[PDB]
Each structure stands twice: as C-alpha cells, then as structure tokens.
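Asks: Take a look at this one; I'll ask things after.
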Protein chains: 2
Amino acid sequence: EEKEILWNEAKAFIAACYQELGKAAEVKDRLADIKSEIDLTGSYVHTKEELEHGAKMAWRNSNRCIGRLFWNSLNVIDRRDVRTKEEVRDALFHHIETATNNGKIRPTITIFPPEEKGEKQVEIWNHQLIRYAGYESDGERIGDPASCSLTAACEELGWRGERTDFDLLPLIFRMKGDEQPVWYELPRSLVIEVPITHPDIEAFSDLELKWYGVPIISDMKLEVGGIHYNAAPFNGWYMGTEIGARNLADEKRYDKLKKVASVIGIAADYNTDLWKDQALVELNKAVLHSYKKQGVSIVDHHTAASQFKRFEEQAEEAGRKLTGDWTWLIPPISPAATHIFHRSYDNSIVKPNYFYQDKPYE
Amino acid sequence: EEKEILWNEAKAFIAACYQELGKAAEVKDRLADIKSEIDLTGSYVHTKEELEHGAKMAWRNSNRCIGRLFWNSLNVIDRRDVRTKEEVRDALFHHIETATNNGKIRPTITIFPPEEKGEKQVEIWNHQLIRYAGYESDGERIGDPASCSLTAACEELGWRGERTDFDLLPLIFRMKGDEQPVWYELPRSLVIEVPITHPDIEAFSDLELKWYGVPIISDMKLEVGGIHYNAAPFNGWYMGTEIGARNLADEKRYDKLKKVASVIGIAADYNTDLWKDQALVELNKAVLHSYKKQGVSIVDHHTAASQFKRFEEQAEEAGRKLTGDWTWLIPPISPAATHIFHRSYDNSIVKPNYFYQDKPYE
Ligand code: HEM
Ligand code: HEM
Ligand SMILES: Cc1cc(N)nc(CCc2cccc([C@H](N)Cc3cc(C)cc(N)n3)c2)c1
Ligand SMILES: Cc1cc(N)nc(CCc2cccc([C@H](N)Cc3cc(C)cc(N)n3)c2)c1
Ligand SMILES: C[C@H](O)[C@H](O)[C@H]1CNc2nc(N)[nH]c(=O)c2N1
Ligand SMILES: C[C@H](O)[C@H](O)[C@H]1CNc2nc(N)[nH]c(=O)c2N1
Ligand SMILES: [Cl-]
Ligand SMILES: [Cl-]
C-alpha cells in the first residue's frame, strides 16, 4: 500500500506544479523518472523547482491562514543537505537572521531532509524557533504557560532559565540515531524584541510587556507530493491581534487585561462597562504602535483582511477553487468589521499543505 | 409518505416530552389517540402542555442561541383559536405589551393555528414585529437597508412612511383566503424606544441614535412533533452587541462607525489606529448604558456567555446532548474573551426547533 500512496500523490502534485510553471510537456518524462525511482529506492527526490513551488502551494492551501496573498513570494531555503547537528543549528540560526532582516521581515521556510520510512532525520522540539519559557510550581506562575511542558523538558536536559517572564527557550532538536536531543542557547543578537508602549498613555510602559519580532513555526510537517518534510520551519510577520488579543490577553497565556485596565485608567469591576473590550483595543493599539516604531514588520487585522480579499479575488481570476477555515480566518477582535465574517469558506484539505504533528515530549 | 412523516415525528416528540414531564406512562395511550386522529383528519392537535413544552424544547435546541439558559421560563401564549385578522392583530398587539412589560422584558411566544396541508392559516410578513423601514432611491439612503424590500411591499399596499431613519413599519400579515395582506400602524404607546447616549461623552447624543426595546422574531416556523406553526412570533431581550456591533455598525445597516469616531474624538484615517475597534467598544458601551438607564432589559456579551456556560453545564447534568453553532454563538466583539471561542460545538439539528422560511414578498 505505502508505495502506491506515494506514487498517487506524486502524479497529482507534479502535474499540478508543472502546469502552473508552464512545463506541462515535461510531466510525462518526469513522472517516468519518478516511477522508476520509487520502484528502486522506495521514494523519490524533488527538484529544487518542485520543492520551492510545493512550499508555496502549501502556504496557499493553508485554510487557517489570512496572510496568503503573498504565497508566491515565499523565500525557500533548500537545506536537504545537512547531516550534522552543528549544521542544523547553524541553518536555524541563519533562518532567524535572514527572515528577520533587521525588522523588514521576509517570509521564509528552511527545508530539512524528509522522513524516510516515516523515520525522521531531524526532529525539532520547538513549537516556534523563538519562544518564551513558562514555569508553574507552588502556585507560582512565571512566563508563558503555553510553554510549560517544553520548558520542563529542556530543564531535564540540563538547561536552566532565569525565570523572568520572558526567558528565551533554547533551540532543542534530536537527530536520527541520538536517543536524546541537543539544545543551544539562542544568541541575543539574533533575536529582535519589541517593548510594548502606547501611543499616548505613558503609564503603559509600567507593565513592562514585550514580544519577539518574528513568529517562526517549527512543529508542522510540510507534505509535498507524498514526501513528508517533518522539519520545515517557516515564518511570516505577526498580525497585531495574535500578540494583543491572544498571547498577552488570554487567561491561559499572559493574562494582562486587568493590568491593562488599570494603566489605561478604567475600572475592571462591571461586565456592562466592557472593560475587557476596551483594554483589548488599547493593548492592540499598543502592539501595533510599538512594532511600527521599532521598524519591525507587522500587519493590523483590517489591512490583513483587505489583503485576504485580494487573495480570494486572485484565486477566482486564476480559476483556482478557494479553501479556508472561517473559524481561524476571522480575527479575535472586531471580526464583524471584516468581509471575512460575512461570507463562508470551503474547509477542504488540498495538498501540498502544512499539517500539525505529535510532539515527542508529552 | 406525508402521513408517515407526521406519525414518526409525533412518536419521537411525545415520548421525549412526556419523559421530561414525568408522564412516561401516559405515552402509550396518547400515541394511540394521536394515531387514530391522524388516521382520521390527516393531522393531530397538541394538548396545551405538549404545546408549551414543545415551544420550550424548541428554544433549547436553537443552536445559534446564546441565551438558552432560560429556556424553561418561556411564557407561551396559546392563540390557536384566532380566525379573524382583527384577532391576529390584537394578539400581536398584546404580545408586544405583555412581553415588553414596561421594560422588564418577558421571553414570550404567541402561537397561531398551524399549517394544515402545508397551507398557512396565518402568514406574517414582518421579519420582526417591531422594525424600522428603509428607503433607497436616487442614491438617497434612509433608514434600515435590511428592511428595504418589505418597506416597498408595504408601500405597494398603500402605507406611507415619514422617511425618517426610524419609521416603525406597520404590522403586515395575510389570512388564508385573502389574496392580499392587511397592514396596521403600530400604536406608539405599545413600543418602547431607547435614545442612545454615552455614560460620559456628552456629544454622543448629537448622533441622535435610538433602537427599539424588544426584538420579536416573526419569520420563523416552530416545528413541534410534525406540526408546523409557521406563525409563532417569539422574543427575548437584546444582547448589547446585536444593536451596537451589528445593527448600527454594519456597512449594510446603519453604518455609524465613522460618525461615532467623530463624536468620541478620534481619527478615522488609519487602520493601525484601530479606530473602528475603538468606536465599536464606545458605541456598545453606549447601548448598554442607555438601556440600563431607561429600565429596559438587556444583557452584555460577557454575562450572556457566562449564562450560556451554565446552560452547557446544566445539559450535562441532565444527560442531554448539547448542540450549537459556534459561528453564531461567538459575539462579534471580543469573542476570544468568552469561553465559547475556545471550545467547539456539535451543530446537529434536534427537534422541536425553529426554522427559517421563505418570505412571500421577493
Ligand atoms: C507574511 C505574513 C503572514 C501573516 C500576517 C499570517 C497570518 C496568520 C495568522 C493570523 C494565523 C493564525 C495564527 C493563530 O491564530 O495562531 C496564521 C496561521 C497560519 N499561517 Fe499564516 N501568516 C503569514 C505568513 C505565513 C507563512 C509564510 C506560512 C507558511 C508558509 C503560513 C502558514 C500558516 C499556517 C499553516 C497557519 C496555521 C497554523 C496552525 O494550524 O496552527 N503563514 N497565519
Ligand atoms: C432572553 C434573552 C435572549 C437572548 C439574550 C438571546 C440571544 C440571542 C442572540 C444574540 C442571537 C443571535 C442573533 C443574531 O445574531 O442575529 C440569538 C439567536 C436566536 N435566538 Fe435567542 N436570545 C434570547 C431569547 C430567545 C428566545 C425566547 C428564543 C425563542 C424561543 C430564541 C431563539 C433564538 C433563535 C431561533 C435564534 C436564531 C435566529 C436565526 O437563525 O436567525 N432566543 N439569540
Ligand atoms: C506563519 C505564521 C505567521 C503568523 N503571523 N502567525 C503564525 C501563528 C501560527 C500559530 C502560532 C501559535 C499557535 C498555533 C497553533 N495554535 C498551534 C497548534 C496546536 C495544535 C494542537 C494544532 C494546530 N493546528 N496548531 C499557531 C504563523
Ligand atoms: C429571540 C431573539 C433574542 C435576541 N436577543 N435576538 C434575536 C435576533 C434574531 C435575529 C435578528 C435579526 C436577524 C436574524 C437573522 N439574520 C435573520 C435570518 C435570515 C436568514 C436568511 C436565515 C436565518 N436563519 N435568519 C436573526 C432573537
Ligand atoms: C455566513 C457567515 O457565517 C455569517 O456572517 C454569520 C456569521 N455568524 C453570525 N453570528 C450572528 N450572531 N449573527 C449573524 O448574522 C452571523 N452571520
Ligand atoms: C476550538 C475553537 O475552534 C478554537 O478556539 C479556535 C477558534 N479559532 C481560532 N482562530 C485563531 N486564529 N487561533 C486559534 O487558536 C483559534 N482557536
Ligand atoms: Cl504566536
Ligand atoms: Cl435585531
């Protein structure tokens, strides 16, 4: 069965890919070469062109993604050549540097050797390359709760965090053959952080909030024509709400609304006052203002939704069926102010794509 | 086929209804009586108890409804006896009076004779008993756009609106036998309206906004054990967001955000300013404050979601499967601040229930 699944996925993918690249005539010959190669090695290897475009197709088919308008400009880094943990480490270090680009963030994906027989060559433990640790012991809550299990896992392996609310977790990953993963402290010079300040409420700085510049997902598998790249970290820039409406606001995350309500000078006593709503808006204004002032890319949810509308229009013009997840595409603040809220979307899964995968710790 | 569908729905309904009312032993005898009656008349008649409880079951199974915690206290008015348009008119007039209750709104449903052979006995044209007209001619936009087609329909039948932004549409309905519906002007004394003011921005009154006190849906069919009550208007009280985040804010409705931005003294120029978000919160604060000051019932979206959580808990305790529509249950402002946003719901249709139906005009 396994051999056949790969072949079927490859026929579908190559034809679709070469079709877009104006290479429909090369499909016959390429499929042959692939069919012999699977017949031989139990698998096949993508050409650089097939890989770069499959990465892009995969972004375009991400139903939960509002920022898809720029799918075609994804910067793809082909690192299928790495064999050593120093090489993986440096590749990750580099991806951070190049994607950050001094604040002018470039959407980038680094692609490591794929699973062989389901066997991973490189196994990244990070959820994101850049993330804050989290600690909960003796009712004492420090940092990001979402990171608690990975934090303890690191501390099993001999890492120790300073236990501020913003400890950068180290990179942690395991190579095929090693029973344990390795960890490397992130160089502070590679990581941009943005202190949160409000455009005109000076007291807002007293909260001493901050967030990292670049969200770099490293826990999803890229599947491209039957080939499974379990290790392919990718990034864009942030939409302001992700920091202001979720990461800093959620009760299960940094839970800062009451404190925000205090510094913006309103009461947090009555539901009918809409204090949470109001704190939410000011905090999200703070996040947007702060990133802009630092010269770090970021998009507000109105602009993002405007962009996404162009993406729907563009898909219609190209004759491509559009797919999406309404429940993720709506922003968690003022959703009814975007066009997204008022239409619906077909949530079908089209390949290539990115798929969540089980993490080894817990 | 038709006879059989009714029977099947009735078996299911009676058993479930008598089960909850502690009347499981009466099910055998009642089902017999029903089976003979359908055998005879092509249909069957509900007992007052079956009707009141079916109305309540139907509210409880409304997936899109966040206010379901109070399903069991629904006030049911049995008006299956009406035969004349003066009687329907007075029944509607009364429902408005009793439900409004001087501002202390009582959740109420008035139930008119059901469809016979799919043949309606009473056909209500209103979307809601109380609603504002809408006019669009020569690029001139007046009132509520959502009401445009019903407004023209009324004006075909010889009604004429003053063309303010808040003309109360008349009641309009058609009796079986009549080719045309009749219309009756709503007595201003029956209708409570709330001028919108802000707790501390005095200029907010310059917008001269207002809204009606009681939302009374009159375009949905109540289906109870195979019997179809196409005419069964029902009401609760408003959740603040429905007025502030949708009715007054939507571009396709009253579209007031830019004007709100002006009176609250902020710029409506940059997306990154989150001016729409901020206008939204102040306008929703205004709506809550205004209804409270007038002594008219209303719930804010935080309290409503708190209530709805009790409803989920209550359903689990009673051994009832919970059903709901996540896309409607989340409020259109600060949804991620409610528990609803973070879980998911089974959107299955359970009967009894309320179903939308085609309107005769357009
Ligand atoms: C360039 C700017 C980008 C913006 C503003 C953007 C925006 C977003 C947002 C707001 C989400 C929802 C995240 C959440 O709620 O947790 C999201 C999810 C996602 N984005 Fe993007 N995105 C961008 C670039 C990218 C890139 C480069 C990729 C990959 C090639 C991508 C693929 C995805 C995927 C797969 C998800 C879903 C992740 C999951 O299922 O947990 N996006 N995006
Ligand atoms: C007592 C206070 C109540 C509150 C606060 C409440 C709240 C809401 C809200 C916010 C919606 C969404 C409306 C929209 O977005 O257009 C809704 C929908 C709905 N509610 Fe309620 N509700 C209440 C009472 C009732 C009652 C008495 C019934 C009927 C017995 C009911 C049945 C429904 C139904 C059927 C819908 C969906 C209508 C549709 O599909 O268009 N609710 N409710
Ligand atoms: C490229 C990119 C750009 C951008 N602006 N934002 C992002 C944020 C993506 C993201 C972040 C945190 C958590 C999750 C997801 N919530 C993590 C997750 C967990 C589980 C169990 C399943 C699943 N599908 N996902 C997804 C990505
Ligand atoms: C009892 C009650 C209490 C409360 N607080 N609010 C309400 C508001 C209900 C409502 C109002 C306007 C428009 C729609 C619906 N949007 C009207 C509609 C249209 C169509 C085509 C389908 C469909 N299912 N519905 C539904 C009701
Ligand atoms: C088509 C799309 O699902 C539509 O915008 C829905 C979304 N959820 C909603 N939720 C509520 N409460 N009211 C609505 O009218 C809608 N519209
Ligand atoms: C289970 C439920 O659908 C869940 O809360 C979803 C809702 N939509 C979301 N949308 C975004 N952007 N991010 C999320 O984490 C979620 N969570
Ligand atoms: Cl994030
Ligand atoms: Cl309404």
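Labels used: A, B, ... for chains in the order of the structure tokens, numbers from 1 for residues in each chain, and numbers from 1 for ligands as shown.
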Near stretch 222-230 of chain A, within 6 Å and counting only C-alpha atoms, which residues show up once chain neighbours fewer than 5 positions away are dropped, as a VMD selection string?
Replies: chain A and resid 6 9 to 10 13 54 114 to 115 352 to 354
Asks: Give the strand (DSSP E) residues of stretch 77-285 of chain B, as assigned by DSSP on the backbone, as a ChimeraX atom specification.
Replies: /B:77-78,108-111,122-124,134-137,140-143,171-175,182-184,193-195,210-212,216-217,220-224,227-229,234-235
Asks: To check your reading of the model: which residues sit at most 6 Å from ligand 6 when counting only C-alpha atoms and all ligand atoms? Write the answer as a VMD selection string.
Replies: (chain A and resid 327 to 328) or (chain B and resid 341 to 344)
Asks: Using only C-alpha atoms, pick whichever of A:288, A:304, A:350, A:232 has the shortest atom-to-atom distance to chain B.
Replies: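 Smallest distance to chain B is found for A:288.
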Asks: Please identify the residues whose atoms come within 12 Å of ligand 5, using only C-alpha atoms and all ligand atoms, and report them as a ChimeraX atom specification.
Replies: /A:325-327,329-330,335-346 /B:63-67,146,238-243,245-247,250,252-253,301,324-333,335
Asks: Would you give me, as a list in words, the residues of chain B that come within 7 Å of chain A, using only C-alpha atoms?
Replies: residues 271, 272, 273, 274, 277, 278, 281, 285, 288, 300, 302, 303, 332, 333, 334, 335 and 336 of chain B
Asks: Only N, CA and C atoms, please: the residues just picked out, written as a PDB file, in the first residue's frame.
Replies:
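That gives us again-v9.pdb:
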ATOM      1  N   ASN B 271      -5.803  52.359   9.523  1.00  0.00           N
ATOM      2  CA  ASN B 271      -6.202  51.050  10.020  1.00  0.00           C
ATOM      3  C   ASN B 271      -5.481  50.702  11.323  1.00  0.00           C
ATOM      4  N   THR B 272      -4.181  50.972  11.346  1.00  0.00           N
ATOM      5  CA  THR B 272      -3.358  50.748  12.518  1.00  0.00           C
ATOM      6  C   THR B 272      -3.790  51.535  13.764  1.00  0.00           C
ATOM      7  N   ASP B 273      -4.676  52.517  13.613  1.00  0.00           N
ATOM      8  CA  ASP B 273      -5.182  53.227  14.790  1.00  0.00           C
ATOM      9  C   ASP B 273      -6.275  52.425  15.503  1.00  0.00           C
ATOM     10  N   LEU B 274      -6.824  51.432  14.814  1.00  0.00           N
ATOM     11  CA  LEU B 274      -7.930  50.634  15.332  1.00  0.00           C
ATOM     12  C   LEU B 274      -9.127  51.509  15.699  1.00  0.00           C
ATOM     13  N   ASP B 277     -12.405  49.634  15.860  1.00  0.00           N
ATOM     14  CA  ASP B 277     -12.450  48.784  17.034  1.00  0.00           C
ATOM     15  C   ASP B 277     -12.879  49.596  18.246  1.00  0.00           C
ATOM     16  N   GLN B 278     -12.239  50.750  18.383  1.00  0.00           N
ATOM     17  CA  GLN B 278     -12.467  51.686  19.463  1.00  0.00           C
ATOM     18  C   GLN B 278     -13.857  52.315  19.403  1.00  0.00           C
ATOM     19  N   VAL B 281     -16.409  49.627  20.608  1.00  0.00           N
ATOM     20  CA  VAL B 281     -16.482  49.486  22.063  1.00  0.00           C
ATOM     21  C   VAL B 281     -17.271  50.610  22.722  1.00  0.00           C
ATOM     22  N   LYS B 285     -20.760  50.281  24.623  1.00  0.00           N
ATOM     23  CA  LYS B 285     -20.909  50.817  25.971  1.00  0.00           C
ATOM     24  C   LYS B 285     -22.109  51.755  26.058  1.00  0.00           C
ATOM     25  N   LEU B 288     -25.430  49.692  26.086  1.00  0.00           N
ATOM     26  CA  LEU B 288     -25.682  49.057  27.381  1.00  0.00           C
ATOM     27  C   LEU B 288     -26.134  50.073  28.417  1.00  0.00           C
ATOM     28  N   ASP B 300     -25.179  42.111  28.385  1.00  0.00           N
ATOM     29  CA  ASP B 300     -23.906  42.321  27.706  1.00  0.00           C
ATOM     30  C   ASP B 300     -23.362  40.956  27.300  1.00  0.00           C
ATOM     31  N   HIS B 302     -20.530  39.405  27.788  1.00  0.00           N
ATOM     32  CA  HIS B 302     -19.777  38.632  28.791  1.00  0.00           C
ATOM     33  C   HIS B 302     -20.716  37.856  29.709  1.00  0.00           C
ATOM     34  N   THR B 303     -21.669  38.570  30.299  1.00  0.00           N
ATOM     35  CA  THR B 303     -22.722  37.956  31.101  1.00  0.00           C
ATOM     36  C   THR B 303     -23.479  36.868  30.330  1.00  0.00           C
ATOM     37  N   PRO B 332     -19.768  39.197  18.181  1.00  0.00           N
ATOM     38  CA  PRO B 332     -18.952  39.863  17.160  1.00  0.00           C
ATOM     39  C   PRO B 332     -18.000  40.912  17.735  1.00  0.00           C
ATOM     40  N   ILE B 333     -17.987  41.104  19.048  1.00  0.00           N
ATOM     41  CA  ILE B 333     -16.852  41.824  19.622  1.00  0.00           C
ATOM     42  C   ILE B 333     -16.187  41.043  20.759  1.00  0.00           C
ATOM     43  N   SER B 334     -14.862  41.170  20.844  1.00  0.00           N
ATOM     44  CA  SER B 334     -14.031  40.418  21.800  1.00  0.00           C
ATOM     45  C   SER B 334     -14.427  38.965  22.005  1.00  0.00           C
ATOM     46  N   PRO B 335     -14.634  38.194  20.909  1.00  0.00           N
ATOM     47  CA  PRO B 335     -15.071  36.801  21.075  1.00  0.00           C
ATOM     48  C   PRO B 335     -14.092  35.945  21.858  1.00  0.00           C
ATOM     49  N   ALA B 336     -12.792  36.156  21.676  1.00  0.00           N
ATOM     50  CA  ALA B 336     -11.802  35.332  22.376  1.00  0.00           C
ATOM     51  C   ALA B 336     -11.778  35.570  23.898  1.00  0.00           C
TER      52      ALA B 336
END
Asks: As a ChimeraX atom specification, please: every residue in stretch 290-325 of chain B that a backbone DSSP assignment puts in alpha helix (DSSP H).
Replies: /B:290-294,301-317
Asks: Would you mind exporting C-alpha atoms of the selected residues as an mmCIF file, in the first residue's frame?
Replies:
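This went into out13.cif:
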data_model
loop_
_atom_site.group_PDB
_atom_site.id
_atom_site.type_symbol
_atom_site.label_atom_id
_atom_site.label_comp_id
_atom_site.auth_asym_id
_atom_site.auth_seq_id
_atom_site.Cartn_x
_atom_site.Cartn_y
_atom_site.Cartn_z
ATOM 1 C CA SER B 290 -28.725 53.604 27.559
ATOM 2 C CA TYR B 291 -30.972 50.581 28.040
ATOM 3 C CA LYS B 292 -29.985 50.253 31.706
ATOM 4 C CA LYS B 293 -30.798 53.917 32.305
ATOM 5 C CA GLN B 294 -34.239 53.507 30.752
ATOM 6 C CA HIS B 301 -21.996 39.649 25.825
ATOM 7 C CA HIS B 302 -19.777 38.632 28.791
ATOM 8 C CA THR B 303 -22.722 37.956 31.101
ATOM 9 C CA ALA B 304 -24.569 36.175 28.261
ATOM 10 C CA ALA B 305 -21.610 33.861 27.659
ATOM 11 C CA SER B 306 -21.388 33.245 31.416
ATOM 12 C CA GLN B 307 -25.058 32.297 31.375
ATOM 13 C CA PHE B 308 -24.523 30.080 28.341
ATOM 14 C CA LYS B 309 -21.773 28.215 30.182
ATOM 15 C CA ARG B 310 -24.293 27.367 32.907
ATOM 16 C CA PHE B 311 -26.560 26.076 30.126
ATOM 17 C CA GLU B 312 -23.804 23.718 28.889
ATOM 18 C CA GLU B 313 -23.227 22.578 32.453
ATOM 19 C CA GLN B 314 -26.972 22.110 33.007
ATOM 20 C CA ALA B 315 -27.306 19.992 29.834
ATOM 21 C CA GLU B 316 -24.522 17.702 31.009
ATOM 22 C CA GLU B 317 -26.173 17.277 34.428
#
Asks: Quick one: distance from atom CA of residue A:107 to atom 8 (C, counted along the ligand's line) of ligand 1 in Å, one decimal?
Replies: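 Going from atom CA of residue A:107 over to atom 8 (C, counted along the ligand's line) of ligand 1, I get 11.5 Å.
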Asks: Residue B:92: which residues within 9 Å, counting only C-alpha atoms, same-chain residues fewer than 5 positions away excluded, as a list in words?
Replies: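 Those residues are residues 87, 97, 110, 129, 171 and 233 of chain B.
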Asks: So the first atom is atom CA of residue A:149 and the second is atom 5 (N, counted along the ligand's line) of ligand 3; what is the distance between them in Å, to one decimal place?
Replies: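 Taking atom CA of residue A:149 as the start and atom 5 (N, counted along the ligand's line) of ligand 3 as the end point, the length is 23.1 Å.
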Asks: As an mmCIF file with C-alpha atoms, in the first residue's frame, please: the residues near stretch 132-134 of chain A (cut-off 9 Å, only C-alpha atoms, same-chain neighbours under 5 positions excluded).
Replies:
data_model
loop_
_atom_site.group_PDB
_atom_site.id
_atom_site.type_symbol
_atom_site.label_atom_id
_atom_site.label_comp_id
_atom_site.auth_asym_id
_atom_site.auth_seq_id
_atom_site.Cartn_x
_atom_site.Cartn_y
_atom_site.Cartn_z
ATOM 1 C CA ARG A 141 3.189 31.318 37.657
ATOM 2 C CA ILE A 142 6.118 32.633 35.616
ATOM 3 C CA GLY A 143 6.283 33.313 31.878
ATOM 4 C CA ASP A 144 4.234 31.669 29.143
ATOM 5 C CA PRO A 145 2.010 28.779 30.323
ATOM 6 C CA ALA A 146 1.795 27.503 26.738
ATOM 7 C CA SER A 147 5.493 26.655 27.004
ATOM 8 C CA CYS A 148 5.350 24.840 30.376
ATOM 9 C CA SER A 149 5.821 21.276 29.132
ATOM 10 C CA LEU A 150 8.667 22.151 26.752
ATOM 11 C CA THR A 151 10.319 24.210 29.478
ATOM 12 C CA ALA A 152 10.392 21.272 31.908
ATOM 13 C CA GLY A 161 16.060 29.535 32.662
ATOM 14 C CA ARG A 163 12.740 32.593 35.339
ATOM 15 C CA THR A 164 11.853 36.052 34.150
ATOM 16 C CA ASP A 165 8.541 36.279 32.303
ATOM 17 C CA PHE A 166 10.489 36.378 29.039
ATOM 18 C CA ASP A 167 13.214 33.683 29.071
ATOM 19 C CA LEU A 168 14.063 32.726 25.506
ATOM 20 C CA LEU A 169 13.857 28.934 25.256
ATOM 21 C CA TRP A 211 7.201 40.330 22.493
ATOM 22 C CA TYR A 212 9.523 38.767 19.912
#
Asks: What's around residue B:214 at 10 Å? Count only C-alpha atoms, leave out sequence neighbours fewer than 2 positions away in its own chain, and write the answer as an NGL selection string.
Replies: :B and (96 or 99-100 or 103 or 105-107 or 128-131 or 191-193 or 211-212 or 216-217 or 235-238 or 296-298)
